[PDB]
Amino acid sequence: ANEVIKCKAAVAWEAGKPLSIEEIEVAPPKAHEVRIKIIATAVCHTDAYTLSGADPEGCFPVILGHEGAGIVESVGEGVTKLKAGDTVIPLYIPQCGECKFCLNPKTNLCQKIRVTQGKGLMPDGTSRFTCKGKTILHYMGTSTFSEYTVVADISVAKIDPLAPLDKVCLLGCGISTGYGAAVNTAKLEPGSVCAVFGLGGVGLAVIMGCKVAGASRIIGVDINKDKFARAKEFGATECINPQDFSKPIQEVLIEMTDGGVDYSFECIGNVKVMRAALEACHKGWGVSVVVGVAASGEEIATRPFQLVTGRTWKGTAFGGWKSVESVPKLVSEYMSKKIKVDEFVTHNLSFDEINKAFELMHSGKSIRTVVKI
(Lines of atoms letter the chains of each structure in order from A and count residues from 1; the text may use other names and numbers.)
(Lines give C-alpha, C1' and ligand atoms only; values in the text may rest on other atoms or scores of the structure.)
Protein backbone atom coordinates (compact mmCIF):
# COMPACT_ATOMS: atom_id res chain seq x y z
CA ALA A 1 0.00 0.00 0.00
CA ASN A 2 1.07 3.62 0.35
CA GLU A 3 3.83 3.92 2.95
CA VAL A 4 5.08 6.84 4.99
CA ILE A 5 7.68 8.83 3.07
CA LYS A 6 10.87 10.14 4.63
CA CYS A 7 12.09 13.11 2.61
CA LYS A 8 13.44 16.62 2.95
CA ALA A 9 11.40 19.78 3.37
CA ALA A 10 12.02 23.45 4.09
CA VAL A 11 10.47 23.81 7.53
CA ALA A 12 9.52 27.19 8.99
CA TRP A 13 10.09 26.46 12.67
CA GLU A 14 9.15 29.95 13.77
CA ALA A 15 8.09 33.36 12.50
CA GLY A 16 10.92 35.75 11.63
CA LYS A 17 13.42 32.96 11.05
CA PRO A 18 14.77 31.56 7.78
CA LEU A 19 13.60 28.17 6.49
CA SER A 20 15.39 25.02 7.63
CA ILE A 21 15.98 21.98 5.41
CA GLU A 22 14.82 19.13 7.65
CA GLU A 23 14.25 15.40 7.36
CA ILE A 24 10.49 14.98 7.66
CA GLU A 25 7.90 12.25 7.35
CA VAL A 26 4.95 12.52 4.97
CA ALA A 27 2.00 10.28 5.76
CA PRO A 28 0.28 8.37 2.95
CA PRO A 29 -2.83 9.96 1.38
CA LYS A 30 -6.07 9.32 3.26
CA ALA A 31 -9.47 9.23 1.55
CA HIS A 32 -9.79 11.96 -1.10
CA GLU A 33 -6.19 13.17 -0.80
CA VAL A 34 -3.27 12.91 -3.17
CA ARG A 35 0.44 12.84 -2.42
CA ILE A 36 2.49 14.82 -4.90
CA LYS A 37 6.20 14.74 -5.65
CA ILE A 38 7.13 18.41 -5.93
CA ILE A 39 9.55 18.98 -8.80
CA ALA A 40 9.75 22.77 -8.85
CA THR A 41 8.50 25.56 -6.62
CA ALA A 42 8.90 29.33 -6.35
CA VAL A 43 8.51 31.99 -3.68
CA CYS A 44 5.57 34.39 -3.61
CA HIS A 45 5.45 37.52 -1.45
CA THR A 46 2.66 35.84 0.50
CA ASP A 47 5.02 33.08 1.61
CA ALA A 48 7.40 35.75 2.88
CA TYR A 49 4.51 37.60 4.51
CA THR A 50 3.50 34.58 6.55
CA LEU A 51 7.13 33.79 7.38
CA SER A 52 7.74 37.29 8.78
CA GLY A 53 5.20 36.71 11.52
CA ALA A 54 3.12 39.67 10.37
CA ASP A 55 0.22 37.41 9.38
CA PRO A 56 -2.14 37.12 12.38
CA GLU A 57 -3.41 33.91 10.78
CA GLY A 58 0.02 32.29 10.47
CA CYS A 59 0.91 29.30 12.66
CA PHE A 60 4.16 27.36 13.20
CA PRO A 61 5.86 25.02 12.74
CA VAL A 62 4.72 24.94 9.09
CA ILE A 63 5.81 24.03 5.53
CA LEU A 64 5.15 27.02 3.27
CA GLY A 65 5.02 27.39 -0.51
CA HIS A 66 2.03 27.60 -2.83
CA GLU A 67 3.58 27.99 -6.31
CA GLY A 68 4.61 24.50 -7.33
CA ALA A 69 4.41 21.81 -9.98
CA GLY A 70 4.99 18.10 -9.60
CA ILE A 71 3.88 14.55 -10.24
CA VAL A 72 1.22 12.53 -8.43
CA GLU A 73 3.08 9.97 -6.31
CA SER A 74 -0.07 8.26 -5.03
CA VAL A 75 -3.74 8.84 -4.28
CA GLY A 76 -6.04 7.98 -1.45
CA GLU A 77 -9.26 6.00 -1.36
CA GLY A 78 -12.09 7.42 -3.47
CA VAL A 79 -9.78 9.20 -5.92
CA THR A 80 -10.27 8.10 -9.54
CA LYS A 81 -9.66 11.24 -11.62
CA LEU A 82 -6.04 11.37 -10.55
CA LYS A 83 -3.47 8.61 -10.51
CA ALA A 84 0.23 8.09 -9.90
CA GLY A 85 2.24 9.66 -12.70
CA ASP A 86 -0.17 12.49 -13.54
CA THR A 87 1.49 15.86 -14.09
CA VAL A 88 -0.03 18.40 -11.71
CA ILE A 89 -0.04 21.80 -10.02
CA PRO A 90 -1.20 22.16 -6.37
CA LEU A 91 -4.02 24.68 -5.83
CA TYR A 92 -4.49 26.97 -2.84
CA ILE A 93 -7.91 27.86 -4.25
CA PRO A 94 -9.61 24.48 -4.67
CA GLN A 95 -12.63 23.60 -6.79
CA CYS A 96 -14.91 20.97 -5.27
CA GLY A 97 -17.40 21.86 -7.99
CA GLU A 98 -20.35 21.19 -5.71
CA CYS A 99 -20.46 24.05 -3.23
CA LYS A 100 -22.42 27.29 -3.45
CA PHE A 101 -19.39 29.16 -4.77
CA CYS A 102 -18.22 26.56 -7.31
CA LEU A 103 -21.78 26.42 -8.66
CA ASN A 104 -21.89 30.21 -9.08
CA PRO A 105 -20.27 31.44 -12.36
CA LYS A 106 -19.33 34.77 -10.74
CA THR A 107 -16.74 33.39 -8.33
CA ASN A 108 -13.90 30.92 -7.90
CA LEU A 109 -13.71 30.98 -4.10
CA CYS A 110 -14.58 27.35 -3.28
CA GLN A 111 -15.36 27.10 0.46
CA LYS A 112 -15.48 23.30 0.85
CA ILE A 113 -12.20 22.99 2.84
CA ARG A 114 -11.41 26.60 3.79
CA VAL A 115 -11.75 26.04 7.56
CA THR A 116 -9.24 23.24 7.83
CA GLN A 117 -6.94 24.80 5.23
CA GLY A 118 -6.72 27.98 7.29
CA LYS A 119 -5.62 25.87 10.24
CA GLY A 120 -3.00 24.20 8.07
CA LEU A 121 -4.77 20.84 8.20
CA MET A 122 -6.20 18.38 5.68
CA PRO A 123 -10.02 18.16 5.40
CA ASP A 124 -10.19 15.46 8.08
CA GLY A 125 -8.71 17.91 10.58
CA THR A 126 -5.20 16.45 10.82
CA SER A 127 -1.77 17.17 9.36
CA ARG A 128 0.12 14.79 7.11
CA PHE A 129 3.52 16.24 8.12
CA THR A 130 5.75 15.41 11.11
CA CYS A 131 9.37 16.27 11.90
CA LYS A 132 11.47 15.25 14.90
CA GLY A 133 8.36 14.11 16.75
CA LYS A 134 6.49 17.33 16.07
CA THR A 135 3.41 17.97 13.95
CA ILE A 136 4.18 20.35 11.09
CA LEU A 137 1.33 22.33 9.57
CA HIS A 138 0.19 22.52 5.96
CA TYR A 139 0.10 25.92 4.28
CA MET A 140 -2.55 27.27 1.91
CA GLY A 141 -3.56 23.68 1.24
CA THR A 142 -0.38 23.18 -0.78
CA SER A 143 2.90 23.20 1.20
CA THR A 144 5.04 23.08 -1.96
CA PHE A 145 8.35 23.56 -0.10
CA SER A 146 8.77 19.80 0.32
CA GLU A 147 9.90 16.90 -1.86
CA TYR A 148 6.46 15.41 -1.19
CA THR A 149 3.24 17.09 -0.08
CA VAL A 150 -0.30 15.85 0.50
CA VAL A 151 -3.25 17.94 -0.68
CA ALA A 152 -7.03 17.62 -0.79
CA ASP A 153 -8.02 15.94 -4.06
CA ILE A 154 -10.03 19.04 -4.95
CA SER A 155 -6.79 21.08 -4.76
CA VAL A 156 -5.24 19.49 -7.84
CA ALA A 157 -5.05 20.51 -11.48
CA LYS A 158 -4.01 17.81 -13.94
CA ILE A 159 -1.93 19.43 -16.67
CA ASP A 160 -0.20 18.73 -19.98
CA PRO A 161 2.32 15.88 -19.41
CA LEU A 162 4.84 17.79 -21.56
CA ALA A 163 4.76 21.04 -19.59
CA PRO A 164 8.15 22.02 -18.13
CA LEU A 165 7.50 22.01 -14.38
CA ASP A 166 10.45 24.30 -13.63
CA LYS A 167 8.33 26.83 -15.49
CA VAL A 168 4.60 26.18 -15.00
CA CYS A 169 4.99 26.07 -11.22
CA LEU A 170 4.67 29.87 -11.51
CA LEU A 171 1.09 29.36 -12.70
CA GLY A 172 0.40 28.26 -9.15
CA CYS A 173 -0.19 31.90 -8.17
CA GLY A 174 1.60 34.98 -9.52
CA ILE A 175 1.13 34.74 -13.28
CA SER A 176 -2.41 33.34 -13.03
CA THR A 177 -3.54 36.02 -10.59
CA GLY A 178 -2.21 38.93 -12.60
CA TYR A 179 -3.30 37.48 -15.93
CA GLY A 180 -6.76 36.68 -14.61
CA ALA A 181 -7.17 40.09 -12.94
CA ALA A 182 -7.07 41.58 -16.42
CA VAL A 183 -9.07 39.04 -18.44
CA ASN A 184 -11.49 37.79 -15.78
CA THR A 185 -12.05 40.52 -13.23
CA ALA A 186 -11.67 43.60 -15.40
CA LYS A 187 -12.51 41.93 -18.72
CA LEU A 188 -11.01 44.99 -20.39
CA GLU A 189 -12.05 45.73 -23.95
CA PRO A 190 -9.72 46.11 -26.95
CA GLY A 191 -8.44 49.69 -27.04
CA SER A 192 -8.67 50.20 -23.27
CA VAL A 193 -6.27 52.50 -21.43
CA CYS A 194 -4.75 50.74 -18.42
CA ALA A 195 -2.49 51.60 -15.49
CA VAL A 196 -0.60 48.97 -13.47
CA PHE A 197 0.77 49.80 -10.01
CA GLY A 198 3.62 47.51 -8.97
CA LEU A 199 5.84 45.97 -11.62
CA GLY A 200 6.72 42.72 -9.88
CA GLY A 201 5.57 39.29 -11.03
CA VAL A 202 1.86 39.96 -10.60
CA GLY A 203 2.10 43.39 -12.19
CA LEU A 204 3.89 41.94 -15.21
CA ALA A 205 1.20 39.29 -15.63
CA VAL A 206 -1.44 42.03 -15.52
CA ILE A 207 0.40 43.84 -18.33
CA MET A 208 0.60 40.52 -20.17
CA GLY A 209 -3.15 40.12 -19.79
CA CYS A 210 -3.83 43.70 -20.87
CA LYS A 211 -1.79 43.12 -24.03
CA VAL A 212 -3.61 39.86 -24.73
CA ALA A 213 -6.86 41.81 -24.35
CA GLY A 214 -5.68 44.38 -26.89
CA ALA A 215 -5.25 47.40 -24.62
CA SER A 216 -4.22 50.53 -26.53
CA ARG A 217 -2.16 51.92 -23.64
CA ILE A 218 -0.60 50.14 -20.66
CA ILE A 219 1.03 52.51 -18.19
CA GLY A 220 3.37 50.87 -15.70
CA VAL A 221 3.78 52.57 -12.33
CA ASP A 222 6.63 51.82 -9.94
CA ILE A 223 9.08 53.83 -7.85
CA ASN A 224 11.79 51.39 -8.96
CA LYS A 225 12.78 52.29 -12.51
CA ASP A 226 14.86 49.09 -12.80
CA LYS A 227 11.59 47.23 -13.36
CA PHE A 228 10.57 49.43 -16.29
CA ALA A 229 12.54 47.58 -18.98
CA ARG A 230 10.89 44.22 -18.32
CA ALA A 231 7.49 45.87 -17.93
CA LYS A 232 7.92 47.25 -21.45
CA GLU A 233 9.00 43.85 -22.77
CA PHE A 234 5.73 42.50 -21.40
CA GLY A 235 3.64 45.12 -23.17
CA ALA A 236 3.84 48.34 -21.15
CA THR A 237 3.54 51.22 -23.61
CA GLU A 238 5.15 53.49 -21.01
CA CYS A 239 6.25 53.56 -17.36
CA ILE A 240 6.15 56.34 -14.82
CA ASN A 241 8.00 56.82 -11.56
CA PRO A 242 5.81 58.46 -8.89
CA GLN A 243 8.96 60.00 -7.41
CA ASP A 244 9.48 62.00 -10.64
CA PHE A 245 6.31 63.99 -9.92
CA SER A 246 5.46 66.52 -7.21
CA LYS A 247 1.72 65.85 -7.21
CA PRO A 248 -0.52 62.83 -6.47
CA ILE A 249 0.13 59.96 -8.86
CA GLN A 250 -3.64 59.93 -9.60
CA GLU A 251 -3.43 63.47 -10.96
CA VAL A 252 -0.41 62.50 -13.04
CA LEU A 253 -2.33 59.63 -14.64
CA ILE A 254 -5.48 61.71 -15.10
CA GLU A 255 -3.56 64.47 -16.92
CA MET A 256 -1.65 61.79 -18.82
CA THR A 257 -4.82 60.14 -20.15
CA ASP A 258 -7.13 63.15 -20.40
CA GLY A 259 -9.44 62.12 -17.56
CA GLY A 260 -8.04 58.86 -16.23
CA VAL A 261 -7.52 55.23 -17.24
CA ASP A 262 -10.33 52.85 -18.16
CA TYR A 263 -8.75 50.21 -15.90
CA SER A 264 -6.19 50.33 -13.09
CA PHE A 265 -4.68 47.43 -11.13
CA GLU A 266 -2.93 47.61 -7.77
CA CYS A 267 -0.42 44.76 -7.50
CA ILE A 268 1.42 45.75 -4.33
CA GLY A 269 -0.94 45.47 -1.39
CA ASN A 270 -0.46 49.10 -0.39
CA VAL A 271 -3.70 50.74 0.74
CA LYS A 272 -2.53 54.25 -0.24
CA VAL A 273 -1.69 53.03 -3.73
CA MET A 274 -5.07 51.31 -3.93
CA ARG A 275 -6.81 54.62 -3.35
CA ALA A 276 -4.62 56.33 -5.94
CA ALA A 277 -5.27 53.46 -8.34
CA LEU A 278 -9.03 54.01 -7.93
CA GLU A 279 -8.92 57.79 -8.27
CA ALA A 280 -6.70 57.51 -11.36
CA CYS A 281 -9.59 55.79 -13.10
CA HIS A 282 -11.58 57.76 -15.66
CA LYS A 283 -14.76 59.44 -14.43
CA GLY A 284 -17.99 57.71 -15.39
CA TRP A 285 -16.63 54.27 -16.30
CA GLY A 286 -13.23 53.75 -14.70
CA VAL A 287 -12.67 50.42 -12.95
CA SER A 288 -9.92 49.68 -10.44
CA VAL A 289 -8.95 46.13 -9.46
CA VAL A 290 -7.18 45.36 -6.19
CA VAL A 291 -4.90 42.39 -6.87
CA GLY A 292 -2.40 42.87 -4.04
CA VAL A 293 -2.89 41.55 -0.51
CA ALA A 294 -2.72 44.35 2.07
CA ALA A 295 -1.44 43.78 5.61
CA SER A 296 -4.17 42.92 8.12
CA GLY A 297 -5.88 45.87 9.76
CA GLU A 298 -5.05 48.23 6.91
CA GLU A 299 -8.14 49.61 5.23
CA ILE A 300 -8.75 51.44 1.96
CA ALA A 301 -10.52 54.76 1.65
CA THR A 302 -11.76 57.33 -0.83
CA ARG A 303 -14.62 59.79 -1.16
CA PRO A 304 -17.97 58.24 -2.20
CA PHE A 305 -18.08 60.92 -4.89
CA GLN A 306 -15.51 58.80 -6.73
CA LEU A 307 -18.01 55.95 -7.00
CA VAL A 308 -21.09 58.10 -7.50
CA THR A 309 -19.42 59.66 -10.54
CA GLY A 310 -18.83 56.31 -12.21
CA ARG A 311 -15.73 54.61 -10.81
CA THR A 312 -15.91 50.99 -9.63
CA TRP A 313 -13.75 49.26 -7.03
CA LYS A 314 -13.11 45.54 -7.53
CA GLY A 315 -10.73 42.91 -6.23
CA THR A 316 -9.63 39.44 -7.25
CA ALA A 317 -8.24 36.23 -5.80
CA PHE A 318 -6.13 34.01 -8.04
CA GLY A 319 -7.33 35.99 -11.06
CA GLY A 320 -10.88 34.73 -10.64
CA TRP A 321 -9.93 31.39 -12.21
CA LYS A 322 -12.01 28.39 -11.17
CA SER A 323 -8.77 26.57 -10.35
CA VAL A 324 -9.26 22.95 -11.41
CA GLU A 325 -10.83 23.96 -14.75
CA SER A 326 -8.59 26.89 -15.61
CA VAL A 327 -5.06 25.96 -14.61
CA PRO A 328 -4.83 23.15 -17.20
CA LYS A 329 -6.01 25.61 -19.84
CA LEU A 330 -3.53 28.25 -18.67
CA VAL A 331 -0.74 25.66 -19.04
CA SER A 332 -2.01 24.98 -22.57
CA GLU A 333 -1.98 28.71 -23.32
CA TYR A 334 1.66 28.75 -22.24
CA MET A 335 2.42 25.67 -24.34
CA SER A 336 0.82 27.29 -27.41
CA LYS A 337 2.70 30.51 -26.65
CA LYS A 338 -0.47 32.52 -26.06
CA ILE A 339 0.93 33.66 -22.69
CA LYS A 340 4.44 33.94 -21.26
CA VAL A 341 5.85 32.06 -18.29
CA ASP A 342 9.57 31.64 -18.97
CA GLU A 343 9.96 35.43 -19.07
CA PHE A 344 9.02 35.53 -15.35
CA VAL A 345 11.96 33.39 -14.25
CA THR A 346 14.84 35.66 -13.25
CA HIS A 347 16.75 33.24 -11.02
CA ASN A 348 17.21 29.51 -10.39
CA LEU A 349 18.35 27.79 -7.17
CA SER A 350 18.60 24.37 -5.54
CA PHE A 351 16.37 23.35 -2.63
CA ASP A 352 19.11 23.88 -0.03
CA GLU A 353 19.42 27.51 -1.11
CA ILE A 354 15.69 28.20 -0.81
CA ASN A 355 16.36 31.03 1.65
CA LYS A 356 18.18 33.01 -1.05
CA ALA A 357 14.89 33.06 -2.98
CA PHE A 358 13.45 34.99 -0.03
CA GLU A 359 16.49 37.27 0.06
CA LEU A 360 16.32 37.93 -3.69
CA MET A 361 12.69 38.90 -3.19
CA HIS A 362 13.36 41.44 -0.44
CA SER A 363 16.27 42.92 -2.43
CA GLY A 364 13.78 43.17 -5.08
CA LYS A 365 16.47 42.04 -7.55
CA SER A 366 14.19 39.33 -9.07
CA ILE A 367 10.68 38.67 -10.38
CA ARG A 368 10.57 34.95 -9.63
CA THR A 369 13.18 32.50 -8.41
CA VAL A 370 12.44 28.89 -9.31
CA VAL A 371 13.65 26.38 -6.75
CA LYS A 372 14.65 22.97 -8.06
CA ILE A 373 13.62 20.37 -5.48
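Heads up: residue numbers just count along the shown sequence, starting at 1.
Engineer: Comparing 55-63 with 305-313, which has the greater mean CA B-factor as deposited?
Structural biologist: Of 305-313 and 55-63, the stretch with the higher C-alpha B-factor average is 55-63.
Engineer: Which of the two stretches, 100-108 or 238-246, shows the higher mean Cα temperature factor in the record?
Structural biologist: It is 238-246.
Engineer: Highest Cα temperature factor in the entry, among the options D86, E147, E266, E251: which one is it?
Structural biologist: Across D86, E147, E266, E251, the entry lists the biggest C-alpha B-factor for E251.
Engineer: So among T177, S143, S288, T135, who wins on Cα B-factor in the entry?
Structural biologist: Each of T177, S143, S288, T135 was compared by C-alpha B-factor; the highest is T135.
Engineer: Taking the values exactly as deposited, rank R275 by C-alpha B-factor within its chain and report the matching third: lowest, middle or highest.
Structural biologist: As the PDB entry reports it, the C-alpha B-factor of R275 lands in the lowest third of its chain.
Engineer: So where's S323 on the chain's Cα temperature factor ranking, which third?
Structural biologist: Lowest third - that is where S323 ends up once the chain's C-alpha B-factors are sorted.
Engineer: Please say which third, lowest, middle or highest, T41 falls into when its CA temperature factor is compared across its chain.
Structural biologist: Lowest third.
Engineer: Compared with the other modelled residues in the chain, in which third is the CA B-factor of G260?
Structural biologist: Middle third, going by the recorded CA B-factors of the chain.
Engineer: Hey, what third does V345 fall into on Cα B-factor, ranked over its chain?
Structural biologist: Ranked within chain, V345 CA B lands in the lowest tercile.
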